[PDB]
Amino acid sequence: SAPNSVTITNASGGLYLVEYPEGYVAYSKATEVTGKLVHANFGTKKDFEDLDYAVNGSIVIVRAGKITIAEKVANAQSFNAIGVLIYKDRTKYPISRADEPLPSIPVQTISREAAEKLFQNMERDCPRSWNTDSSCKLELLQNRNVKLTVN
């Protein structure tokens, strides 16, 4: 019954609570994941392919939009991500349904407020090609980590 939480940790200086998200969740189990946070745009197959930086052992943050969220988490898991954060962009992108097969890693939807609070602690601008807010960033560096707790 403990609330779901997204927190940021530096190199042992402490844990800082970003948000208690009331948004929809999928549990494989009640889980606690911790690692580098990394942006994967819409989380499509090509989005993960085009990334210039490691996804394994990392939590991915993706925008809702082009594909269904199940496909997003399937792609993230396909590239060995440990969890998925989903936030909703300012422009709403229609979902189109292509060929797809048949949730083990935690999946948490967060407010755009929490997404921007994470981004302000992240580095590297998102490509202009994504047509997303300037607050967007790609990598959580400086040995920082994000902790997602899903109960």
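When you see a residue number, it is the position in the sequence shown, counting from 1.
- The PDB entry records a higher mean C-alpha B factor for 20-28 than for its counterpart among 20-28 and 124-132.
- Higher mean CA temperature factor, per the PDB entry, when comparing 9-17 with 136-144: 9-17.
- For the set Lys66, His39, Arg90, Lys36, the PDB entry puts the maximum C-alpha B factor at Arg90.
- Which of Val107, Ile110, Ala70, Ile95 has the largest Cα B-factor in the deposited entry comes down to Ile95.
- Among all modelled residues in this chain, the alpha-carbon of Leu102 has a temperature factor (C-alpha) in the highest third.
- The PDB entry assigns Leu51 a C-alpha temperature factor belonging to the middle third of its chain's modelled residues.
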